[PDB]
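Below: the structure, in structure tokens.
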Amino acid sequence: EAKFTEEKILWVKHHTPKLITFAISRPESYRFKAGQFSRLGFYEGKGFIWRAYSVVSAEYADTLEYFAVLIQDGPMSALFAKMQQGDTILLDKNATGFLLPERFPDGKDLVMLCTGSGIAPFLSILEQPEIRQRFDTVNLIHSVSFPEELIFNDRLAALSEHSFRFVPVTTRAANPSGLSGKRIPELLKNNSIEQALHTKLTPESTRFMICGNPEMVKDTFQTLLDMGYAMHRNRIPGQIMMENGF
Ligand SMILES: Cc1cc2nc3c(=O)[nH]c(=O)nc-3n(C[C@H](O)[C@H](O)[C@H](O)COP(=O)(O)OP(=O)(O)OC[C@H]3O[C@@H](n4cnc5c(N)ncnc54)[C@H](O)[C@@H]3O)c2cc1C
Ligand SMILES: NC(=O)c1ccc[n+]([C@@H]2O[C@H](COP(=O)([O-])OP(=O)(O)OC[C@H]3O[C@@H](n4cnc5c(N)ncnc54)[C@H](OP(=O)(O)O)[C@@H]3O)[C@@H](O)[C@H]2O)c1
């Protein structure tokens with residue numbers, strides 16, 4: 001039939017005036033791999049409006065959960081800001097994306113680097129039991145401007161205490177637990193991330209995922225290349241995978 005189904009908003013949590021999570025009903029035949037994104041839409045008059053969102057919830061969960069930054073004057077943000085439980089929302093029948101760490105042949109330490117809402121796919125990746133089994137450590141570095149935007153801080157930090165480490169980065173204000181004042185590319189360059197994790201990072205043992213602001217992705221990729229890392233390819237195992245968070 002159609003390329004999408006009509007689902008319902010099950011709930012909406014307004015963590016801050018600009019940051020929301022929400023959940024939608026999940027058709028039994030909707031399958032995705034941790035790290036992928038859905039396309040969500042609404043009827044817009046006689047037409048549609050569609051956007052991509054990384055699935056935050058686990059592959060095995062019975063709902064679909066998402067995490068959205070409300071963009072000033074954004075068309076989809078405007079709908080998200082007024083949507084309520086019970087509203088109809090459209091779910092494209094197909095999930096997409098290549099942020100798939102199991103494609104890495106080996107590696108001792110998985111390091112996921114994200115900004116803002118780009119944390120979303122890594123939250124779903126964190127639920128896959130085999131990811132934790134194949135990596136000696138799994139690390140998540142999350143960069144936001146202010147600590148109030150670290151909305152998953154409480155539980156990620158609870159999961160950190162085969163090890164899992166969470167390092168918050170706040171670029172425009174201090175945060176006690178993690179790194180403050182500096183963006184991820186510089187924190188890779190000056191050894192701060194390597195020191196924060198207590199794990200030496202090398203091309204031989206470290207595998208990188210990057211998701212977030214496109215300028216951050218380019219800057220991080222360039223920094224890693226200068227440090228001897230390589231892009232994962234169809235025929236080269238490599239040590240870097242990346243996806244623009246928007
Ligand atoms: C593969 C992919 C995955 C995505 N996953 C998510 C997700 O999990 N969560 C999410 O919030 N958005 C996600 N986005 C972006 C999302 O699809 C929309 O762009 C976003 O919801 C804003 O839509 P809008 O209509 O309100 O404004 P738009 O017209 O779509 O965007 C206006 C501008 O706002 C900025 N912007 C848009 N989205 C973001 C963002 N999330 N963070 C920072 N700046 C942004 C950009 O400069 C953009 O040009 C993803 C985009 C892609 C391509
Ligand atoms: N949050 C911001 O600082 C900021 C700035 C300009 C516009 N906006 C707008 O505000 C809305 C919300 O955005 P957001 O804060 O969720 O997303 P964001 O602008 O992408 O910021 C999230 C994180 O990404 C970092 N970052 C940005 N560019 C980077 C780069 N080139 N290299 C490395 N790290 C980089 C930011 O550092 P910094 O804090 O140092 O930028 C911040 O830590 C969007 O409409 C966005 O366009 C936000």
Side-chain angles (χ1 to χ4, degrees), residues 12-24 32-42 44 48-57 64-83 89-92 94-100 112-125 141-153 167-175 178-190 192-193 208-217 219-224 241-246:
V12 189
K13 272 175 212 190
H14 301 86
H15 303 264
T16 77
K18 302 300 187 202
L19 299 173
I20 67 167
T21 54
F22 61 91
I24 75 175
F32 72 97
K33 293 162 173 142
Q36 285 189 315
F37 55 95
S38 315
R39 299 186 177 279
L40 306 179
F42 295 104
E44 201 192 322
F48 300 85
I49 175 168
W50 293 99
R51 296 296 188 269
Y53 301 93
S54 297
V55 180
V56 158
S57 44
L64 295 163
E65 192 172 333
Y66 303 91
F67 169 44
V69 179
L70 302 186
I71 306 299
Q72 179 83 24
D73 304 312
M76 192 68 148
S77 296
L79 302 169
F80 281 3
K82 69 177 169 67
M83 78 190 165
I89 188 171
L90 305 183
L91 171 63
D92 195 298
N94 286 131
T96 314
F98 307 86
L99 260 196
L100 310 153
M112 300 164 298
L113 308 163
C114 52
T115 71
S117 51
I119 194 176
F122 298 139
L123 296 173
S124 178
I125 279 153
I141 289 100
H142 187 209
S143 181
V144 299
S145 288
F146 295 90
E148 293 86 350
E149 305 180 296
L150 299 164
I151 65 152
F152 305 109
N153 182 82
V167 177
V169 177
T170 54
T171 50
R172 301 187 164 163
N175 84 82
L179 306 172
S180 60
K182 288 168 174 310
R183 286 164 169 192
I184 282 175
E186 183 174 2
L187 299 173
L188 295 171
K189 284 173 212 166
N190 72 7
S192 297
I193 284 172
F208 283 99
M209 321 283 292
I210 320 175
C211 179
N213 185 309
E215 293 310 283
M216 172 267 182
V217 173
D219 288 355
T220 304
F221 180 53
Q222 181 200 344
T223 296
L224 289 179
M241 284 185 281
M242 40 192 209
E243 182 184 272
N244 286 352
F246 58 83

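When a ligand or atom number is given, it counts from 1 through the structure's own listing order. Positions are given from 1 along the sequence.
- No side-chain heavy atom of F246 sits under 4.5 Å from any side-chain heavy atom of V69.
- The option from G97, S54, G74, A78 that lies nearest to atom 8 (O) of ligand 1, judged by heavy atoms, is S54.
- Residues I20 and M83 have side chains in contact (heavy-atom distance under 4.5 Å, counting atoms from C-beta outward).
- Nearest to atom 36 (N) of ligand 1 by heavy atom, out of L123, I71, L70, is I71.
- In the candidate list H142, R172, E149, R172 is nearest to atom 5 (C) of ligand 2, counting heavy atoms.
- Nearest to atom 43 (C) of ligand 1 among the protein's heavy atoms is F246 CE2, 3.3 Å.
- The side chain of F37, and not its backbone, has at least one atom closer than 4.0 Å to an atom of ligand 1 (non-hydrogen atoms only; side chain from C-beta on).
- Ligand 1 has an N or O atom lying under 3.5 Å from an N or O atom of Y53, backbone or side chain.
- Between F80 and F42, the ring planes lie perpendicular to each other; the angle is over 60°, past the 30° to 60° tilted range.
- Any N or O atom pair closer than 3.5 Å counts here, and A52 shares at least one such pair with ligand 1.
- Looking at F67 against ligand 1, only its backbone comes within 4.0 Å, counting heavy atoms.
- Contact atoms of ligand 1 toward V69: 11 (O) (distance under 4.0 Å to a heavy atom of the residue).
- Heavy atoms of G116 stay at 4.0 angstrom or farther from ligand 1.
- Remark: ligand 2 atoms within the under-4.0 Å shell around heavy atoms of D219 are 31 (N), 32 (N).
- Between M76 and ligand 1, at least one pair of N/O atoms sits closer than 3.5 Å.
- When the heavy-atom distances from atom 19 (O) of ligand 1 to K18, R51, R39 are ranked, the shortest goes to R51.
- Heavy-atom separations between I184 and ligand 2 are all 4.0 Å or longer.
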